[PDB]
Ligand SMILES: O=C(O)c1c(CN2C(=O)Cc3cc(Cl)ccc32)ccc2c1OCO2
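Only one chain comes next, encoded as structure tokens, the form deposited without the ligand.
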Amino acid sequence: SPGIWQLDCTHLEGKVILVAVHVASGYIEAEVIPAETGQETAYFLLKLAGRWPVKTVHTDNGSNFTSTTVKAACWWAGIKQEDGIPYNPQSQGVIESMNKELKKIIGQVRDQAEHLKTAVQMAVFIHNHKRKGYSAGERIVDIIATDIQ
């Protein structure tokens, strides 16, 4: 579980927000892209895996699972590329709730930036720092450090 991430794609303002969620902690990374291509997804995963020890990524849809560009990046970065079938139905609900939460936060900050990308990064910050008591940012570090040691 320390190395398992889930991709998630949501839409706002006619743009796409691509999110990676560290399953065990709820920590997220996100970016705004014009559209969700294999190339955009590949580059996002390359960034993610240089920053965290990404063992497995559950892709967000079948196009990204199929994409040879995505497969090439997963090969490059040593990531096991997996499907995102919610064999546990709870997963489906967790991601939906997360997208709702992120959109709520983006609304709360939207007037503090001209560009959506900036608002999205503010929302990532708020999400990862929120105490629920530990934050998701605290949980991911604890989980990974425990795994190392």
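Position 1 is the first residue in the sequence shown; the rest follow in order.
Omitted from view is the form deposited with the ligand bound, to which the following refers.
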> Once the site C-alphas are superposed and the ligand is modelled as in the deposited complex, is the result open or blocked, blocked being 3 or more ligand atoms within 2.4 Å of any backbone or C-beta atom of this form?
Replying inline: open
> Is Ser97 close enough to the ligand in the deposited complex to count, meaning some heavy atom within 4.5 Å?
Replying inline: yes
> Hey, in the deposited complex, does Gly84 get a heavy atom within 4.5 angstroms of the ligand?
Replying inline: no
> In sequence order, which positions of 3 to 28 have a non-hydrogen atom within 4.5 Å of the ligand in the deposited complex?
Replying inline: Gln6, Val21, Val23, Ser25, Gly26, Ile28
